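Below is one structure, written out as structure tokens; comments come after it.
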RNA sequence: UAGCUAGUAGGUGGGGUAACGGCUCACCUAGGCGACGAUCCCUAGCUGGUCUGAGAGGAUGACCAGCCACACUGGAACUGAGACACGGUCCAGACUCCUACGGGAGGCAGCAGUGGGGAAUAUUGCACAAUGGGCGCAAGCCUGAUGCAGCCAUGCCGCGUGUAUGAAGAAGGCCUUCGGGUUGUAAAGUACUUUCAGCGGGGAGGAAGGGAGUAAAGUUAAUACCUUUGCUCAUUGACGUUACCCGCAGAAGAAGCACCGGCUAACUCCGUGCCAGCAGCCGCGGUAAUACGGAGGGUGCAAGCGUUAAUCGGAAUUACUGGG
RNA sequence: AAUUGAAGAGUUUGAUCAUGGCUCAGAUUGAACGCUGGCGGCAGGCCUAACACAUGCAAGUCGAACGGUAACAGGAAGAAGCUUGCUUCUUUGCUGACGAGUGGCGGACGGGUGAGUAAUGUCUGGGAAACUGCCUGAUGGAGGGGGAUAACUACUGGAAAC
């Protein structure tokens, strides 16, 4: 079934996550329905680094998709306002 | 010859003790001829009687081994060094090449 | 990395000085210019059309003190940019950190400038920078940090620095061991020695 | 490789499948496919792409990702939402092991690793700390996925192996018209700096969460209880002598490789004498070899260099663009 | 704000111009070998025998589905040794739990490989005659009964598996 989850494409010892809508059976790096944001935990002092289109995430929750615990935490971090 | 050239303490044993036709004096005298290890001195040797098939022993052999190890001290390094010599080396199909090291 | 060899042989082979030594005096006696190094250099060269291209590649490369693989990377970047490739080549070479230190006159020579940037004397916008190849931006202050401040190394250099004709694209400063890089070099600002179509031509074949 | 097809091609009816269907059967008709290359043989996993190329094109499908196929060989079904099932099952075959010899057990084209092949490709490692799965209300357990380390200049990229001054134009080497020239500011000497290694200290971030106590709202018989939203207090790092920063000492620990007849950047002497050998191509060597062997000098490139093999380019030398 | 680019030389002849092959300068690899080799970052690392394999490890998990004690970790009760306040030792599923077992869900995913496959395949653009556990929205039921069986006990065939 559909799950909102963090996939890691970044370099060795510098994870850069791509928050993404995918089925549960597929591997972390594998097949997916669509991208929805990104999350850099390593980050830098610049303002950008956590981004998520909420109209997309609320749509997928409306279609019944469940949310991975990190992405669930990042949604309740960014809210309307952090 | 291997005992003198490697400088090794030497012990001997009679194999055929059970037989009366296999008397110890023939064995004792015939290897006494050599220019190193003559026999029946009570020094530089110890004589053993062991059955071929039973066998018999081991106290007399054990005493001979104990006396040579008591007469010359034997020690080994117990930290930071591992060393020895190779007995036999072979190849096994499942485990690979192996070797038996003393 | 680095040439490491005798400096004057390169100037004598190229037949025009490359400024590699040139601290205390611009001495004629040592240089022996246009006589060529080694046994048979006395004879007239009668150089080929391939050789005049290959010579000019070495002449430019030996000024900045680059190796062919690093130098090739500047050519690839200069080519993809709009406008003249030779000018965008010389802009990236002049944009080096070890080069700006020589232009500001903090170091006596380009090798001493590379030594000071390697030895972590030099800071750009308050970052320390190890890498000599580092690409300086417009609006970049540059300075010596406290450990390397007021040593015999910088102090002798700042004296002989006054003789120079003084660059047009940067502010010199240097009353308190710093400098500011204002804007890009352009073809008029930089020297007339280089034949710029010629060095680019050699990579075409 | 020019003829190939009987369930072959079409219809009706029955049976079958989740569902269309010659899917499978009975019966009826005589068609189907075929030079716009059927059928047969050889060879081949395919594509997003990679590599080359001015583009058109050509070659190619490792890594990464999508999809299909296969799981000792050969065949079949069950269970199940989904398999005709890589570490499930049953039978036959090959083959290995075990055995009281009657009869049984096993399938690294999983991760490591070994035999063997071959020119040649690694440690019988650490941890669920992180991401993501499986189960569970949850704690938690499991996870050779994955995250990480070890090993190899295999490739790409960065940096270093010092800097400045310095004529005595030193000594030594090499050549010489035996006057000298060159090696060579190179050295030596003197003045400076110590990056990265070595040695001693300090020290980010990857951790959000989860747990135990509490308050409020929702809740109901209820202040329970439970869930949610705040809060406080204990904490959670495999990698890890982490990244990174400071300190100490002293030029100290750190440059090789090919090539120099023309093509093609870079020259003389000596040895050998069509011998020895060089050679990518045309070619050099049979007594003064700028081409062999050695030495000096020089040129290119750099922790790599060269050779060889493989692909495209140059090649308008399969030419559509672009030939005869 | 934006998608810029094309080099030739040597070699047939006494000499020339064509035709025309051969060869070289370029870039590159999942490379090998030779000589040489200080450190770091990042990436890669059996292309050959889909040849065969030792040993260890790679799929299990739920007591909030259920009989249960095979555990061992306590409590309680009880019996003892006396130190009369304590250890000791039998009972007891009462309990924090939990082997084997019943039952649930996962084992069809994750991972490896390029042997076979030139069309049941793949890629691109469309379609109807379909299913779809796990995941969601919507509307209602969730009443009342029965017979087994493994485990476990009592035995027994088997070298071992079974």
Yes or no: residue A:14 in a loop (DSSP other than H, G, I, E, B) and under 13 Å from the mean Cα position of the chain (by Cα)? no
Criterion first (closer than 22 Å to residue C:2 by Cα, more than 6 Å from RNA strand D (Cβ to nearest atom), in the same structural domain as residue C:199 (by CATH) and in contact (Cβ under 8 Å) with a residue 24 or more places away in the chain) does residue C:87 satisfy it? no
If you take just the helices (runs of 4 or more DSSP H) that sit entirely in segment C:1-78, which of them hold at least 2 residues that are touching a residue at least 60 places away in the same chain (Cβ under 8 Å)? C:49-64
Just to be sure, is residue C:159 without any contact (Cβ under 8 Å) to a residue 40 or more places away in the chain and not in a loop (DSSP other than H, G, I, E, B)? yes
Among the candidates C:72, C:2, C:43, C:55, residue that is away from every other protein chain (no Cβ under 14 Å) and within 6 Å of RNA strand D (Cβ to nearest atom): C:2
Flag for residue B:24 being surrounded by 10 or more Cβ atoms within 10 Å (Cβ to Cβ) and more than 27 Å from residue B:5 (Cα to Cα): yes
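Don't worry about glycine lacking a Cβ; one is built from the backbone with ideal geometry, like all the others, and counts go over all protein chains shown. All of this is worked out from the model, or read from it or from the source named; none is laboratory data.
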